[PDB]
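# Fold and geometry: a report
In case you want the letters, here they are:
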There are 2 protein chains.
Amino acid sequence: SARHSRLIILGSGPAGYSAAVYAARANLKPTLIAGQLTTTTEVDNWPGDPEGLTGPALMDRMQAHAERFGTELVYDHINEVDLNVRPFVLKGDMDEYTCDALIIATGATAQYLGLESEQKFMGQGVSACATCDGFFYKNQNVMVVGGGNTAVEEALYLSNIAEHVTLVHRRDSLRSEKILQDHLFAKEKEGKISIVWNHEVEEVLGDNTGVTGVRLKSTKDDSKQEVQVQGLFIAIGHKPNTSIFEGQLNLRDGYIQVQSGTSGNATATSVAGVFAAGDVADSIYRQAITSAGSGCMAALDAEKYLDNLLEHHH
Amino acid sequence: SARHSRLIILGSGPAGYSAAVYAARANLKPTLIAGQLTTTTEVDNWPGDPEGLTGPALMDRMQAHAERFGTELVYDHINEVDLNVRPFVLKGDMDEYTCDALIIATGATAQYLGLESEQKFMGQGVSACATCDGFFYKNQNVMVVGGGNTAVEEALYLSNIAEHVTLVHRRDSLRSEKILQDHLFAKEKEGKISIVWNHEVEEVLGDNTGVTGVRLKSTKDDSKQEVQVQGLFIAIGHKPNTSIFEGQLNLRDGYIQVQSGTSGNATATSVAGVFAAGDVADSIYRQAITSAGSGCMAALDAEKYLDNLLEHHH
């Protein structure tokens, strides 16, 4: 038989653990099913942790916090949901779960090159987050790989920090928005950004310093080109972790659509009783602190929903 | 002559210090003018700090964090602003400041009884925040003082934690919204909440345990009444710290109106270049973590605004 909980939070992470702490201190006894921050080596922008913080260390603290006030943690992978009936059904490998309210905090997944040189130097000068790691390379030279909105915005961000940015793309045109393109070409004219078209990364180069260069290979002939850089930012793209909700929730480009606004219920989805927090619904800011904030919001939204539902039953 | 900065953040606090950390790590060199969390004795819902945290300790850490990456802190009180001209003008007791973008993070102020017994037991069982301190009183008896939306919502929140809630008000009707009133009267019928009309707090009672009772005095005759409670929550009201912006920004009930939404620029006000973060713009959630999140959002909003402004000058 299915394990029923009043509230289930799906996903461990800043948003999920934040919702757990608030739901548990509201006396809701939430269940969290655990199954972008845990890959960052040095975390320097979690407000109130000025030095020494690492991604895994922050997750351990958030996990301990959720458990301290009585969250039930469950280690399972959910391969299917039914949001058409209430209580909502979550089908896992180990058990089936049902709940009266659901908070979805499944995050998003950054895509990488898939190169051993890239994995070798992951954390030693290879990064997927300009906002997290850009300040390291003030007055130094960096490279951004990719061709969509994300790559363009990261090169723009970094162009106020780095001495020079090299943006590399495998096609010869960008799939990004026209305002972002205009800003980029302005910076290129002033010498702050260079763009290398029709190329892909062949090998990440460095030593005990970490990254020192990148060898590119052209996608239209056999030629190669070495660029000296201290930081490599992989910005191929982000994918919200929403495949199991397709056809059951309103999505926009794979992100879960939430009500937002300034009059409460800001994390509500298109299904009553289902709330979404963090990077699964946020395409713009995508930081641990903003995710933690929305998880707190989802907890209060869910609390008010469950209380009103409670008022009319039995 | 006026001290010019590209970006000024007005207000120390979770929102202001969070915006400072992000603006400084973006290489913006922000100025923060410093002049609800710093009154909470034990802070138990800052995600990732499971035990031992105090309000002042968290502010010291956030302050150190903003300063580490190069925020210029200024200790001054702003008595007037001019947002009708650019760069915007801030008139202080010690200096005049101007800026190209402004982040307003001035918070809100909770109103108290003004009683020595209330101040005596402040932090030892007297609180202004049910969300912060309610869990302390699980399966115990509490009192909420006030008559508007805030008092009603706090009594509702606490009614799922405490064994019993006593809501006390000086008039004989509530000035709160009708849906909230219906929920309250439902809980009263079931014996979870009691309402004492036409009364005000005369003295807060307790010892080394902290609070043990409250003596009420009627506002319509000379009679008095003792209630045994372990926690007293003062919910007379919140006032956003916005008086100097009246007539210069769109306000709704004194809160600064922000764009919100899921497509970025969520902290933008009715004046281009002016952003608002934290409790000065949030009437619903009002927590340190949600304020910190919006301060991070305001930093990115301001970063994109300043960069575009930069592109077209000189």
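Definitions and limits used
Residues numbered from 1 in each chain as written, not as in the entry; some residues may be left out. Chains lettered and ligands numbered in written order. Heavy atoms only, no water. Residues with missing side-chain atoms left out of burial classes, pairs and counts. Pairing = 2+ DSSP bridges. Helix = DSSP H or I, 4+ residues; strand = E, 2+ residues; numbered from the N terminus. Contact = heavy atoms within 4.5 Å. Axes fitted to C-alpha atoms, helices over the stretch in contact; angles between N-to-C directions. Buried area = accessible area lost by both parts, 1.4 Å probe. Salt bridge = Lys/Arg side-chain N within 4 Å of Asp/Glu carboxyl O. Polar contact = N/O pair within 3.5 Å; in protein donor to acceptor, adjacent residues only side chain to side chain. Buried < 20%, exposed > 50% of the residue type's maximum accessible area, 1.4 Å probe, protein only. Least-squares fit on C-alpha atoms. Parallel < 35°, antiparallel > 145°, perpendicular 65-115°, else oblique. Left-handed = near helix turned anticlockwise from the far one by under 90°. Disulfide = S-S within 2.5 Å. Right-handed = clockwise from strand over helix to strand, strands pointing away. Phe/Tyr/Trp six-rings, centres within 6.5 Å; stacked < 30°, edge-to-face > 60°. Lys NZ or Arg CZ within 6 Å of the ring centre and 35° of its normal.

As stated in the entry header, the method of structure determination is X-ray crystallography and the reported resolution is 1.900 Å.

## Considerations on the sheet that holds strand 11 (residues 193-196) of chain B
Adjacent strands of a sheet pair through backbone hydrogen bonds, lying either parallel or antiparallel. Residues and elements named next belong to chain B. Taken in spatial order, the five strands line up as 8-15-9-10-11 in an open sheet, and their pairing is parallel. Pairing within the sheet leaves two strands with one partner each, and these edge strands are strand 8 (126-127) and strand 11. As judged from the four bridges shared by strand 10 (residues 164-168) and strand 11, these two strands associate in the parallel manner. Within the sheet, the bridge partner assigned to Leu167 lies in strand 11 and is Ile195. Lying on the sheet, helix 6 (residues 178-189) is in contact with strand 10 and strand 11; it crosses strand 11 at an angle near 110 degrees.

## Here we look at the environment of A:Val43
All names here are of chain A. Along the polypeptide, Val43 turns up in the loop between strand 2 (31-33) and helix 2 (55-68). Sequence spacing of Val43 and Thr262 is 219 residues, and the spatial spacing of their C-alpha atoms is 30 Å. Residues in contact with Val43, not counting those within four places in the same chain, are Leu37, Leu53, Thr54 and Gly55.

## As for the interface of chain A and chain B
Taken together, the 63 residues of chain A in the interface contact 63 residues of chain B. Taken together, both faces of the contact between chain A and chain B bury some 5400 Å²; the carbon and sulfur share is 55%. One can count six salt bridges joining chain A with chain B. Among the ionic pairs, B:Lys304 bridges to A:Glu153, the shortest N-O distance being 3.8 Å. Put simply, chain A and chain B have 39 residue pairs in polar contact between them. Those elements that place two or more of their residues in the side of chain A that touches chain B are helix 1 (14-25), helix 2, helix 4 (130-133), helix 5 (149-158), helix 6 (178-189) and helix 7 (288-311) of chain A. Per element, the largest residue contribution to the side of chain A that touches chain B is 14 residues, and it comes from helix 7 of chain A.

## Structural notes on the pattern of salt bridges
Residues and elements named next belong to chain B. Going through the model one piece at a time under the given rule, you end up with 20 salt bridges over all chains. One salt bridge connects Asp182 with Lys178, and the closest N-O pair in it is separated by 3.1 Å. Of this pair, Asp182 and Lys178 both sit in helix 6, four residues apart, roughly one helical turn. Residue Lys178 is classed as exposed on the basis of its relative accessible area of 57%.

## Quick notes on the relation of the copies chain A and chain B
The transformation that overlays chain A on chain B combines an axial shift of 0.0 Å with a rotation of 180 degrees, and the residual RMSD is 0.0 Å. On this basis, the relationship between the two copies can be described by a two-fold rotation axis. Taken together, the interface assignments show that 100% of the residues at the interface of chain A recur at the interface of chain B, consistent with an identical surface on both copies.

## Considerations on the packing of helix 1 (residues 14-25) of chain B against helix 2 (residues 55-68) of chain B
Residue and element names in this part refer to chain B. Packing of helix 1 against helix 2 leaves a shortest axis separation of 8 Å and a crossing angle of 25 degrees. The angle between helix 1 and helix 2 falls in the class roughly parallel. Of the two elements, helix 1 crosses helix 2, and the hand of that crossing is left-handed. When helix 1 is examined against helix 2, the residues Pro14, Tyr17, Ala20 and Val21 are found in contact with a partner set consisting of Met59, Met62, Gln63, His65 and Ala66.

## As for the state of the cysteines
The final tally for this structure, using the stated rule, is two disulfides over all chains. Disulfide pairing places A:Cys129 opposite A:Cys132 at an S-S distance of 2.1 Å. An S-S torsion of about 75 degrees defines the bridge between A:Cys129 and A:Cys132 as right-handed. This pair shows no difference in class: A:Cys129 is buried, exactly as A:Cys132 is. A:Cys296 carries a free sulfur, and the closest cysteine sulfur to it, the one in B:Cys132, is 9.8 Å from it. By relative accessible area, A:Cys296 is classed as buried at 3%. Between B:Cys99, a free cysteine, and B:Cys296, which holds the nearest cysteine sulfur, the sulfur-to-sulfur gap is 20 Å.

## Considering the sheet that holds strand 14 (residues 224-228) of chain B
All names here are of chain B. Read across the open sheet, the three strands follow the order 12-13-14; overall the sheet is antiparallel. Taken across any chain shown, the strands that pair with only one partner, and hence form the sheet edges, are strand 12 (199-207) and strand 14. When strand polarity is set aside, the average angle formed by the axes of neighbouring strands in this sheet is 25 degrees. Sheet topology places strand 12 next to strand 13 (residues 210-218); eight bridges connect them, and they run antiparallel. Looking across to strand 13, one finds that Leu205 is bridged to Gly213.

## Quick look at the side chain of B:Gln181
Residue and element names in this part refer to chain B. Positionally, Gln181 belongs in helix 6. A distance of 3.4 Å separates a polar side-chain atom of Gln181 from the backbone oxygen of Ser176. When residues no more than four places from it in sequence are discounted, the contact partners of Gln181 are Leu174 and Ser176.

## Some points on the pairing of strand 9 (residues 141-145) of chain B
Residue and element names in this part refer to chain B. Judged by how many residues are buried, strand 9 sits mostly within the fold: four of five residues are covered. Pairing of strand 9 with strand 10, which is carried by five bridges, proceeds in the parallel orientation. If you follow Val144 over to strand 10, its bridge partner there is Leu167. Crossover handedness for the path strand 9 to helix 5 (residues 149-158) to strand 10: right-handed. Relative to strand 15 (residues 231-234), strand 9 is paired through four bridges, and the arrangement is parallel. Within strand 15, the residue paired with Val144 across the bridge is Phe233.

## A short note on the packing of aromatic side chains
Here the structure, examined in full by the defined rule, presents nine aromatic pairs over all chains. A ring pair is formed by A:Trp46 and B:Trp46, whose centres lie 6.2 Å apart and whose planes are at 45 degrees; its orientation type is tilted. Of this pair, A:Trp46 sits in the loop between strand 2 and helix 2 while B:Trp46 sits in the loop between strand 2 (31-33) and helix 2, on two different chains. You can call B:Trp46 buried: its relative accessible area is 1%. By way of ring pairs, the aromatic residues A:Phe136, A:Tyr137 and A:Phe233 are connected into one cluster. Stacked on the ring of A:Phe69, the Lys or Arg A:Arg25 has its end atom at 5.4 Å from the ring centre.

## Regarding the environment of A:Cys132
Structurally, A:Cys132 can be placed in helix 4. Classification of A:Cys132 as buried rests on a relative accessible area of 13%. Taking the C-alpha atoms as reference, A:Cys132 lies 7.0 Å from A:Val43; in sequence the two are 89 residues apart. Among all residues touching A:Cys132, those that are not within four sequence positions of it are A:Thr40, A:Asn45, A:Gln287 and B:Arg25.

## Side note on the pairing of strand 15 (residues 231-234) of chain A
Residues and elements named next belong to chain A. Alternating residues of strand 15 divide into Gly231 and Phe233 and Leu232 and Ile234, and every residue in both groups is buried. Two strands pair when backbone bridges link them, and strand 8 (residues 126-127) and strand 15 are joined in this way by two bridges, in the parallel orientation. Residue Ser127 lies in a different strand from strand 15, and its bridge partner there is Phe233.

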